[PDB]
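Enquirer: Provided herewith: structure_36.txt, compact mmCIF, C-alpha atoms and all ligand atoms.
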```txt
# COMPACT_ATOMS: atom_id res chain seq x y z
CA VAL A 2 93.93 143.96 149.51
CA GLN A 3 93.19 140.49 148.10
CA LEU A 4 92.33 139.43 144.55
CA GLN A 5 89.84 136.71 143.63
CA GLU A 6 89.65 135.15 140.15
CA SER A 7 86.94 133.23 138.34
CA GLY A 8 85.98 132.00 134.87
CA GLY A 9 88.62 129.39 134.22
CA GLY A 10 88.00 125.88 133.12
CA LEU A 11 88.40 123.29 130.40
CA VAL A 12 87.45 124.36 126.89
CA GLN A 13 87.92 123.11 123.36
CA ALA A 14 90.44 124.65 121.00
CA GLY A 15 88.83 127.50 119.10
CA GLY A 16 86.58 128.18 122.09
CA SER A 17 86.42 131.17 124.39
CA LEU A 18 86.58 131.91 128.11
CA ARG A 19 86.16 135.10 130.11
CA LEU A 20 88.34 135.40 133.22
CA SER A 21 87.24 137.83 135.92
CA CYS A 22 89.08 139.28 138.90
CA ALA A 23 87.88 141.45 141.76
CA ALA A 24 89.69 143.04 144.66
CA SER A 25 88.35 142.51 148.16
CA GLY A 26 89.19 144.48 151.29
CA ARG A 27 89.36 148.23 151.66
CA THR A 28 91.33 149.63 148.74
CA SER A 29 92.60 153.17 149.01
CA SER A 30 93.15 153.59 145.26
CA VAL A 31 91.88 152.57 141.87
CA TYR A 32 94.65 150.25 140.74
CA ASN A 33 96.06 149.22 137.41
CA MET A 34 95.27 145.53 136.97
CA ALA A 35 96.93 142.78 135.02
CA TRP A 36 96.90 139.12 134.09
CA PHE A 37 99.90 136.78 134.05
CA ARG A 38 100.07 133.08 133.25
CA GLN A 39 102.28 130.20 134.31
CA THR A 40 102.84 126.70 132.98
CA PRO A 41 104.46 123.94 135.07
CA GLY A 42 108.11 124.51 135.93
CA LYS A 43 108.17 127.97 134.30
CA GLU A 44 107.66 131.50 135.58
CA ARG A 45 104.57 133.73 135.68
CA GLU A 46 104.68 135.64 132.39
CA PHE A 47 102.81 138.83 131.47
CA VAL A 48 99.64 138.55 129.39
CA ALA A 49 97.83 141.91 129.59
CA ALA A 50 97.30 144.98 131.75
CA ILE A 51 94.95 147.95 131.91
CA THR A 52 95.32 151.24 133.77
CA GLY A 53 93.03 152.33 136.58
CA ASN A 54 90.97 154.65 134.36
CA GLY A 55 90.70 152.08 131.57
CA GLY A 56 92.41 154.40 129.10
CA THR A 57 95.63 152.43 128.42
CA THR A 58 96.27 148.74 127.79
CA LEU A 59 99.41 146.68 127.34
CA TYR A 60 99.48 143.19 125.78
CA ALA A 61 102.01 140.46 125.24
CA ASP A 62 102.51 139.93 121.50
CA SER A 63 101.40 136.27 121.60
CA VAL A 64 97.83 137.23 122.63
CA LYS A 65 97.25 140.37 120.56
CA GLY A 66 93.99 140.18 118.61
CA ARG A 67 92.83 137.19 120.65
CA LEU A 68 92.67 138.37 124.26
CA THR A 69 91.09 141.64 125.36
CA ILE A 70 91.42 143.15 128.84
CA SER A 71 88.77 145.48 130.25
CA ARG A 72 87.66 147.01 133.53
CA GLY A 73 84.49 145.82 135.18
CA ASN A 74 81.75 147.98 136.66
CA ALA A 75 82.83 147.59 140.25
CA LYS A 76 85.90 149.26 141.67
CA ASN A 77 89.08 147.28 140.99
CA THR A 78 87.55 144.62 138.78
CA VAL A 79 89.05 143.42 135.51
CA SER A 80 88.11 140.88 132.87
CA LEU A 81 90.14 138.98 130.29
CA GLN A 82 88.12 137.92 127.26
CA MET A 83 90.01 135.01 125.72
CA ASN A 84 88.99 134.11 122.21
CA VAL A 85 90.32 131.74 119.55
CA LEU A 86 91.94 129.67 122.26
CA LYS A 87 94.79 127.28 121.42
CA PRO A 88 96.25 124.34 123.40
CA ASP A 89 99.33 126.52 124.15
CA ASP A 90 97.05 128.89 126.10
CA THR A 91 96.75 126.17 128.78
CA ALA A 92 98.18 127.63 132.01
CA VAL A 93 97.28 128.89 135.46
CA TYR A 94 96.18 132.54 135.04
CA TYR A 95 96.87 135.02 137.81
CA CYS A 96 95.34 138.43 138.35
CA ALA A 97 97.63 141.15 139.70
CA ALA A 98 97.14 144.74 140.79
CA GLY A 99 99.19 147.73 141.91
CA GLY A 100 101.91 148.23 139.34
CA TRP A 101 102.53 148.66 135.66
CA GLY A 102 104.62 146.99 133.01
CA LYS A 103 105.48 143.38 132.30
CA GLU A 104 107.62 142.45 135.31
CA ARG A 105 106.31 140.66 138.40
CA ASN A 106 106.64 143.77 140.63
CA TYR A 107 102.91 144.16 141.21
CA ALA A 108 101.81 144.63 144.82
CA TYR A 109 98.85 142.24 144.86
CA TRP A 110 98.34 138.78 143.32
CA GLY A 111 95.44 136.38 143.06
CA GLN A 112 95.97 132.71 143.73
CA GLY A 113 95.37 131.57 140.15
CA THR A 114 92.74 129.86 138.03
CA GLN A 115 93.49 126.97 135.68
CA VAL A 116 92.65 127.25 132.00
CA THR A 117 92.97 124.11 129.88
CA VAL A 118 92.47 124.18 126.11
CA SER A 119 92.12 120.77 124.48
CA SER A 120 91.69 119.63 120.92
CA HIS A 121 88.35 117.87 120.45
CL CL A 201 106.96 133.39 138.96
CL CL A 202 98.41 150.81 140.29
```
Please re-express this file's structure in structure tokens.
Expert:
Amino acid sequence: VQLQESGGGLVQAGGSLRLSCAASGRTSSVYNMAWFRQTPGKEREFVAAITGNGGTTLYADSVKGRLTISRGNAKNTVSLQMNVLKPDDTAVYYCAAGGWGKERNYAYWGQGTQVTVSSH
């Protein structure tokens, strides 16, 4: 199983981005999926997660009411709607799958997509 991300980029503060992630390869399960983020010299930190059936979500406090995680239509797809972005949201964002909770013990990881939020 491999994970591919899209939707990153450079955006002005107050703007919005929608990150997307999709599993490729034969998956034998519907997985829980998550997003983490990493700034230079620091660790990947939890942002949000959603269970396989879409019924349960978990969010870091710093993004509550601004970021919303959801499942996509295809099997093992997830989106992260990022609104009201701030410069501190600048990071590489990683999709993960196969796990639960806020630690980095998820079985599958994407290779990251850069988000940069700039004042304008
Ligand atoms: Cl890490
Ligand atoms: Cl899972």
Enquirer: Choose the residue, out of A:21, A:63, A:7, A:33, that has the smallest atom-to-atom separation from ligand CL 202 (chain A); count only C-alpha atoms and all ligand atoms.
Expert: A:33
Enquirer: Given all atoms listed in the file as the basis, pick out the residue of A:53, A:73, A:8, A:42 nearest to residue 23 of chain A.
Expert: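 With all atoms listed in the file as the atom set, the closest residue is A:73.
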Enquirer: Which of these, A:118, A:59, A:98, A:49, has the shortest distance to residue 28 of chain A once you count only C-alpha atoms?
Expert: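 Distance minimum relative to residue 28 of chain A lands on A:98.
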Enquirer: Using all atoms listed in the file, determine which residues lie at most 12 Å from residue 14 of chain A, disregarding the query and same-chain residues fewer than 4 positions distant; provide the list as a count of residues only.
Expert: 16
Enquirer: Ligand CL 201 (chain A): which residues are within 10 Å, counting all atoms listed in the file, as a PyMOL selection string?
Expert: chain A and resi 37-40+42-46+104-105
Enquirer: Let's have the selection written as a CSV table (one decimal), in the frame of the given file, with C-alpha atoms.
Expert:
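Saved result, result_4.csv, follows:
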```csv
chain,number,residue,atom,x,y,z
A,37,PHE,CA,99.9,136.8,134.0
A,38,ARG,CA,100.1,133.1,133.2
A,39,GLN,CA,102.3,130.2,134.3
A,40,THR,CA,102.8,126.7,133.0
A,42,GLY,CA,108.1,124.5,135.9
A,43,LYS,CA,108.2,128.0,134.3
A,44,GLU,CA,107.7,131.5,135.6
A,45,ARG,CA,104.6,133.7,135.7
A,46,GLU,CA,104.7,135.6,132.4
A,104,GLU,CA,107.6,142.4,135.3
A,105,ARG,CA,106.3,140.7,138.4
```
Enquirer: Using only C-alpha atoms and all ligand atoms, what are the residues with an atom within 6 Å of ligand CL 202 (chain A), set out as a list in words?
Expert: residues 32, 33, 99 and 100 of chain A
Enquirer: What does the distance between atom CA of residue 114 of chain A and atom CA of residue 94 of chain A come to in Å, to one decimal place?
Expert: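 About the pair atom CA of residue 114 of chain A and atom CA of residue 94 of chain A: they are 5.3 Å apart.
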Enquirer: How many Å separate atom CA of residue 65 of chain A from atom CA of residue 22 of chain A?
Expert: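 Distance between the two atoms: 20.1 Å.
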Enquirer: Could you please determine the separation between atom CA of residue 66 of chain A and atom CA of residue 79 of chain A in Å, to one decimal place?
Expert: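 Separation of atom CA of residue 66 of chain A and atom CA of residue 79 of chain A: 17.9 Å.
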Enquirer: Smallest atom-to-atom distance to residue 115 of chain A: which of A:57, A:93, A:35, A:47, using only C-alpha atoms?
Expert: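 Comparing A:57, A:93, A:35, A:47 against residue 115 of chain A, the winner is A:93.
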Enquirer: Could you give me segment 78-91 of chain A completed to N, CA and C atoms, formatted as a PDB file, keeping the file's coordinate frame?
Expert:
```pdb
ATOM      1  N   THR A  78      87.898 145.862 139.452  1.00  0.00           N
ATOM      2  CA  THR A  78      87.550 144.620 138.780  1.00  0.00           C
ATOM      3  C   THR A  78      88.095 144.670 137.355  1.00  0.00           C
ATOM      4  N   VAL A  79      88.483 143.506 136.842  1.00  0.00           N
ATOM      5  CA  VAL A  79      89.050 143.420 135.510  1.00  0.00           C
ATOM      6  C   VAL A  79      88.591 142.103 134.904  1.00  0.00           C
ATOM      7  N   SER A  80      88.482 142.087 133.579  1.00  0.00           N
ATOM      8  CA  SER A  80      88.110 140.880 132.870  1.00  0.00           C
ATOM      9  C   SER A  80      89.115 140.641 131.750  1.00  0.00           C
ATOM     10  N   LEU A  81      89.298 139.380 131.406  1.00  0.00           N
ATOM     11  CA  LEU A  81      90.140 138.980 130.290  1.00  0.00           C
ATOM     12  C   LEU A  81      89.306 138.119 129.369  1.00  0.00           C
ATOM     13  N   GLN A  82      88.884 138.688 128.240  1.00  0.00           N
ATOM     14  CA  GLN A  82      88.120 137.920 127.260  1.00  0.00           C
ATOM     15  C   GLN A  82      89.113 137.171 126.397  1.00  0.00           C
ATOM     16  N   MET A  83      89.040 135.842 126.420  1.00  0.00           N
ATOM     17  CA  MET A  83      90.010 135.010 125.720  1.00  0.00           C
ATOM     18  C   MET A  83      89.331 134.284 124.571  1.00  0.00           C
ATOM     19  N   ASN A  84      89.657 134.683 123.365  1.00  0.00           N
ATOM     20  CA  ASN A  84      88.990 134.110 122.210  1.00  0.00           C
ATOM     21  C   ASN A  84      89.991 133.319 121.395  1.00  0.00           C
ATOM     22  N   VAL A  85      89.470 132.481 120.493  1.00  0.00           N
ATOM     23  CA  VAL A  85      90.320 131.740 119.550  1.00  0.00           C
ATOM     24  C   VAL A  85      91.385 130.977 120.318  1.00  0.00           C
ATOM     25  N   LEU A  86      90.967 130.278 121.362  1.00  0.00           N
ATOM     26  CA  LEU A  86      91.940 129.670 122.260  1.00  0.00           C
ATOM     27  C   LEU A  86      92.676 128.527 121.575  1.00  0.00           C
ATOM     28  N   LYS A  87      93.936 128.338 121.948  1.00  0.00           N
ATOM     29  CA  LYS A  87      94.790 127.280 121.420  1.00  0.00           C
ATOM     30  C   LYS A  87      95.305 126.441 122.575  1.00  0.00           C
ATOM     31  N   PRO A  88      95.714 125.186 122.319  1.00  0.00           N
ATOM     32  CA  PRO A  88      96.250 124.340 123.400  1.00  0.00           C
ATOM     33  C   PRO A  88      97.371 125.027 124.167  1.00  0.00           C
ATOM     34  N   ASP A  89      98.229 125.807 123.491  1.00  0.00           N
ATOM     35  CA  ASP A  89      99.330 126.520 124.150  1.00  0.00           C
ATOM     36  C   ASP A  89      98.869 127.587 125.120  1.00  0.00           C
ATOM     37  N   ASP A  90      97.598 127.971 125.111  1.00  0.00           N
ATOM     38  CA  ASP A  90      97.050 128.890 126.100  1.00  0.00           C
ATOM     39  C   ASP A  90      96.771 128.220 127.431  1.00  0.00           C
ATOM     40  N   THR A  91      96.887 126.887 127.514  1.00  0.00           N
ATOM     41  CA  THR A  91      96.750 126.170 128.780  1.00  0.00           C
ATOM     42  C   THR A  91      97.780 126.689 129.797  1.00  0.00           C
TER      43      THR A  91
END
```
